[PDB]
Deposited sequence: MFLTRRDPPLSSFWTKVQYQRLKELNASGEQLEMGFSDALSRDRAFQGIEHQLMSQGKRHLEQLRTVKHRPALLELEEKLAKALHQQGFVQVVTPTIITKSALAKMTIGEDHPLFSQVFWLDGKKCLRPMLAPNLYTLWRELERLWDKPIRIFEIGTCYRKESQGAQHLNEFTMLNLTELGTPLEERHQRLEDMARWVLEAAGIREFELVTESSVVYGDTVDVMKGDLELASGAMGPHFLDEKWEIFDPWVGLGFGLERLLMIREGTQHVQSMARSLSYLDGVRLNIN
C-alpha cells in the first residue's frame, strides 16, 4: 500500500518574502533550504529563526556602537590603504565624474552600462581611465617603477554575477614600469598584500591569456575576488603609455561578503537599509 500519491515529506518551503527576509538577516544556506510539513508549521518556524537572527544582528550592532565606531567597509578601507602605504604605494583620489572620451579609450557596450549625466559626462564605471591619466602625468616627474592605487566608488547600471550594486567600492592598485619578467610575480605580490590585509587566507591565482592579454584572476573556490591586467596592453596606445605595468582591481563589498560569508552583497555596501552587515529594521 506504499503506492502513495501523496507529496514528498517536508514539501512546504519558505515563501519568496520569508526567504528574502532570512537572507537580509544573513541566515545560513541550510536554514534557507528548510522544508516543512505544512505552511503553518513553516510560518511558525520562520518566526523563530527570524527572531534569533534579529537578536544576533542587534548584538553585532552593539559591537559597532561601543567598540569599532565604524562599519566593515570603512575598516577594510583604512586597513587596505595602510598596508599599501607600507609597500610604497601612493594613494590618489580622482573624479567620480569622467568624460565620454575617457570612457571611449577604454574599449561600445560599456556605454550602455554607465550612468550618464548628459551627452559628454558619466559616472566612472571603473578606476582605470583616471589612473591611466595619472600614470602619464607622474611618469614625467617620477622615476619608474611608479606605484599608485585608489579606493573609491564606481557605478554600473548592471553587472555580471547573481547580484548587483549600482554603487560599489573598487580598490585598484598598480605599478608602472614593472620589469616584463616580473609582471606575473608582482600581480601575486599585490594580491597577497591585499588579501592578507583583508583577512583572507584561502585563495587561488587563475592565469589566462588570449588575443587582445595575460590576465590573473584571484579567487576562492568558484569565487572571484579580483582581476588583474598586464601591460604592454592593447589600450596603452590611446593613453600614451609605453612601459610595462601591472594592475589589480578588487570589489570590496564582494570581498567582505566572501570573507564574512554573508548573504546579500548589499549588507556591507553604502546603504540606508543595512549597517555593518546588519539589516536595520530588526
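**Student:** May I ask you to mark the stretches of the deposited sequence that the structure leaves without C-alpha coordinates?
**Tutor:** According to the deposited record, C-alpha coordinates are absent for 108-111, 217, 288, which together make up the missing parts.
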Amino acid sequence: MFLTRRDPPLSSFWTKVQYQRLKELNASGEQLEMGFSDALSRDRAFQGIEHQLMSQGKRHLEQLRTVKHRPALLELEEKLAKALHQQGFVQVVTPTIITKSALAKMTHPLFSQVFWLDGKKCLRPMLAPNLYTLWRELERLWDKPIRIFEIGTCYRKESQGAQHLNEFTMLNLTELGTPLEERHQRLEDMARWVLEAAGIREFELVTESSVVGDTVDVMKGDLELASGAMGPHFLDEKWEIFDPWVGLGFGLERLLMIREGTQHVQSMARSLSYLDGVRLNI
From here on, numbers count along this sequence of modelled residues.
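**Student:** Taking the recorded C-alpha temperature factors, which stretch has the higher mean, 189-197 or 168-176?
**Tutor:** Taking the mean B-factor of the alpha carbons in each, 189-197 is higher.
**Student:** Mind pulling up the entry and telling me whether 9-17 or 261-269 has the higher mean Cα temperature factor?
**Tutor:** Of 261-269 and 9-17, the stretch with the higher C-alpha B-factor average is 9-17.
**Student:** When the CA B-factors of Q91, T96, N130, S112 are compared as recorded in the entry, which is the largest?
**Tutor:** Most elevated C-alpha B-factor of the set, per the entry: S112.
**Student:** Could you tell me which one of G57, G221, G29, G251 shows the highest CA temperature factor in the PDB record?
**Tutor:** That would be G221.
**Student:** Taking the C-alpha B-factors as the PDB entry records them, is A39 in the lowest, middle or highest third of its chain?
**Tutor:** Middle third - that is where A39 ends up once the chain's C-alpha B-factors are sorted.
**Student:** Relative to the other modelled residues of the same chain, rank the CA B-factor of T153 and answer lowest, middle or highest third.
**Tutor:** Lowest third of the chain for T153's C-alpha B-factor.
**Student:** Select lowest, middle or highest to describe the third in which the CA B-factor of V246 falls within its chain in this entry.
**Tutor:** Lowest third, going by the recorded CA B-factors of the chain.
**Student:** Which third of the chain does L61 land in by C-alpha B-factor: lowest, middle or highest?
**Tutor:** Its C-alpha B-factor, which the entry lists for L61, ranks in the middle third among residues of this chain.
**Student:** Check where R147 lands among this chain's C-alpha B-factors and tell me if it's the lowest, middle or highest third.
**Tutor:** Its C-alpha B-factor, which the entry lists for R147, ranks in the middle third among residues of this chain.
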